[PDB]
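In the form deposited in one PDB entry, a lone chain appears below as structure tokens.
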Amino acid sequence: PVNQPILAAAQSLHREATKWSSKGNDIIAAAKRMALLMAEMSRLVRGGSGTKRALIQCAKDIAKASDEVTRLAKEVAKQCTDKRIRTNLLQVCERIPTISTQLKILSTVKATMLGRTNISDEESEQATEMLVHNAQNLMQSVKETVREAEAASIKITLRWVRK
């Protein structure tokens, strides 16, 4: 069914995001959608063909959800009194648009490769491993962004309720 390391990265973010309720928290909601979509991604990279259009669109959905995470976490940071946390939170959540832009590039590469041209099992495996590493980086960054966004809120209209 799956590419295990992508699914594991997805579950890793799911575990952090499900510490809290989505109610009145769109960072939490977006992060949960990201983890669910990234699990779908691991199915798609490990299915196919037929999965070409789906691979591209799934990455687009993930990138859209990550813009919401980024946008909100930047607002949290810029209300945070602790410079140490504020700076760290700005540092991480400003990696995210680049990583999720990279997710869209590498998914399209994996999906479409060289168009009509024939491709080896080596190029195919290499393209998988590029995608894998980028997915782990993304899941890591958002998980760190969730943790720090909550840490920063202690120093401050966003709701953190433990489940």
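When you see a residue number, it is the position in the sequence shown, counting from 1.
What comes next is about the form solved in complex with a partner chain, which is not displayed.
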Its partner chain in the deposited bound form reached by all of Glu40, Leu44 and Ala54, non-hydrogen atom within 4.5 Å:
yes
Do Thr117 and its partner chain come within 4.5 Å of each other in the deposited bound form, heavy atoms counted?
no
Are any of the heavy atoms in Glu68 no more than 4.5 Å from a heavy atom of its partner chain in the deposited bound form?
no
Please determine whether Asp26 contacts its partner chain in the deposited bound form, using a 4.5 Å cut-off between heavy atoms.
no
